[PDB]
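Down below is the structure, laid out as structure tokens.
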Amino acid sequence: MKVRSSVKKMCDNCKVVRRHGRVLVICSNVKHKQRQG
Amino acid sequence: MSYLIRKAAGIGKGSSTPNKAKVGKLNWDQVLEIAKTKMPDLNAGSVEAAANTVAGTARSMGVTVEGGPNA
Amino acid sequence: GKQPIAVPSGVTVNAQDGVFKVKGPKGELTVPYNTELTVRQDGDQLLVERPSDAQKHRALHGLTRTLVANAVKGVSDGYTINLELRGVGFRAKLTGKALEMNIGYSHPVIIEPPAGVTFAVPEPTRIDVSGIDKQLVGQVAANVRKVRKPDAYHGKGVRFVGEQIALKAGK
Amino acid sequence: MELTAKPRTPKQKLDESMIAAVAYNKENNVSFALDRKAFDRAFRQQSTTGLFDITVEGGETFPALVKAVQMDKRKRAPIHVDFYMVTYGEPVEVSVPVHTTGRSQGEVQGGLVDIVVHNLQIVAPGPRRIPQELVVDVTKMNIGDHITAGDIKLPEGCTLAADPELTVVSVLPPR
Amino acid sequence: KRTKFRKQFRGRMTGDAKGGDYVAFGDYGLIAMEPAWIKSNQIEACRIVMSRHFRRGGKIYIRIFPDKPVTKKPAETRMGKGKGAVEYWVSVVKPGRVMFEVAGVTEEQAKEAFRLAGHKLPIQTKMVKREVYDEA
RNA sequence: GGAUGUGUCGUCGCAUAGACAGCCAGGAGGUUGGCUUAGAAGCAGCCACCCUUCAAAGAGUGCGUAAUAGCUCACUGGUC
RNA sequence: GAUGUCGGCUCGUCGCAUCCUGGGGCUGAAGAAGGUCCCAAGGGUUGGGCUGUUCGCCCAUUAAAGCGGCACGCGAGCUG
Ligand SMILES: [Mg+2]
Ligand SMILES: [Mg+2]
């Protein structure tokens, strides 16, 4: 859980799927996890 | 192949930058003896496929091209 | 895009009203769907037809299609999930229809299946979850995989029969 | 390129995809209004070293070369165009894009090709005899080499409107 | 940064860019979309960002310069006179004004160095290219 | 600052001479490019990005071990 | 033609930007011990030495010894 108020691409593996009113991420590497709340 | 280039021109180390300052230069007949020692590894065709392939390693190291095609 | 729906042998589809009831040999399934999205037989096989071609309908199109494609598969082929137990002394038995697992927890874990799903154990390190409804089968085998998820150090716990597990290693 | 109306009040065109225009010589300096989209696709190709005919809605064909353009500051978008009517025999001073050919022998060691003059003003060229570009070879150039105007090969009949000791292309050192 | 010789103090007022072309000196530029006061330190911050990205060479044109002096409140009061000569120098930037322009770098190389420099600026910016030959 | 939220106009391009995505097979040899260094071998940093074989393979993208290997992409073919 | 002012005590209640407990994600997370971020205000949050002290330093403990609002909460309630 690394809450970065700006969820942008880092590598060619990142996936931006819209959920419960937020900008989330479901990347391959476990460290790469980004959320806005 | 670094063994053959360093002993043909007389290079001890090489070159950090092959653009600003240069090292040496080698002839066309000495490219043939590299093609006769390193022959069971290359899948290259005729003489034209070994005279240029060997000459390409000289560019990175710091050894200038001698003769070649045209005129 | 999604359009063809193969309906083999003893199929009894009755897409009448909002109750798109699909009967068959393995058991009689019932599933509700959208009314504004058209569905019936227009040949030998099956097809779901969407009126609007904007955005809201295209999502519901591929949804309704795959859902009856899963209910039809269920009434003839059926469904079976194959789970594998991994780790020292990790073993599963059976107490009636109930799955009795022993997975490194002080008191053994018992799971009772819902009305329509069945548990099976060939070798006691392999669990088979077979049922009629792919959702319910997914939702159940889901709970068994949750009893002990494969840890990121020794892959210990419940995994799918052919599942791949990446490993970290600390020491 | 096809023009349409010509009123003094631009209220009619402003709301639509149209750009105000003007064409002059010394005998006719009429009012104009053409298409934004059509002008752009064409101008992006042509510029000051090219021309196209403008046929106003009434069947009147005239050849004109672009003299100056004025765009919005807050937007990138052009908002007005000044066309200059072509004679046929003798024209004016034209701004020609200076270009580069071949990798320099100065850009190797740690240099870079600095095109000091992006567009060159050239005296007495000839109409429809206007060169669409101005290619300058740079392979001869080392670090500290300045190519002046009176060192550039112009295409037949053309002369130079700028000083011959003025730097147009230079090879620049690192850092 | 600061200016060499001057007057000491100034004022404040705004309206759309007066003297900022599009393609002078460089190939790609960085244009303001909002009015602001560019602090000496924000330019320096942008410069170093670009200079680092374009390691060796030096082809950065900073078309804006901080010339406006701004003042300050010693700590309290108002029961005294006009104040703080030496607070900070500023460049009055209005939308359209080319702040920076780069040369001898690719579209992609420039896209980034400007994307980086943008994050250090107190206003919204736009990256641009050629086709502006107004008066020379 | 961030976002495959939906609505509408536009600007480049690859495309039934069969694309973008999934799927089976392959992915060079010089060469462990040189230099730099305790090593630096496609991947801690400079210069270049030249050559062969060809249906095709960049002295090379992200991960990896201490450098190797490994695991895949850029590029090529088959079925849709 | 008066809105008593620091600190103590007494009595409370509220916010959460959570000190402890509760649930989670990442970890350079083997385990044990942690770091960091997310959700979480239900209850809980010790006794002394020094100073008018708020604070702070110290002793001895602790699951913890949270931060702030309420006229820097509270003198027609007490101290002084
Ligand atoms: Mg007082
Ligand atoms: Mg009172």
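Here the Cβ of each residue, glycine as well, is placed from N, Cα and C on the backbone.
Secondary structure at A:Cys27 (Zn(2+) binding site), as computed by DSSP, is coil. Residues annotated as Zn(2+) binding site in Swiss-Prot, with similarity to another entry given as evidence: A:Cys11, A:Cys14, A:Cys27, A:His32.
The 10 Å shell around the Cβ of A:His32 (Zn(2+) binding site) contains 14 further Cβ atoms across the protein chains shown.
DSSP assigns A:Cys14 (Zn(2+) binding site) to coil, not to a helix or a strand.
Sequence-distant contacts of A:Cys11 (Zn(2+) binding site), defined as residues of its own chain at least six apart whose C-beta falls under 8 angstroms from its C-beta, comprise A:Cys27, A:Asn29, A:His32. Apart from A:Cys11, A:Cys14, A:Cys27, A:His32, the residues listed for Zn(2+), the same chain places the Cβ atoms of A:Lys9, A:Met10, A:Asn13, A:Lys15, A:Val25, A:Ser28, A:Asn29, A:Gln34 within 8 Å of the centroid of those Cβ atoms. Around the Cβ of A:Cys14 (Zn(2+) binding site), a 10 Å sphere holds 16 further Cβ atoms from the protein chains shown. Around A:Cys27 (Zn(2+) binding site), a 10 Å sphere centred on its CB holds 16 further CB atoms from the protein chains shown.
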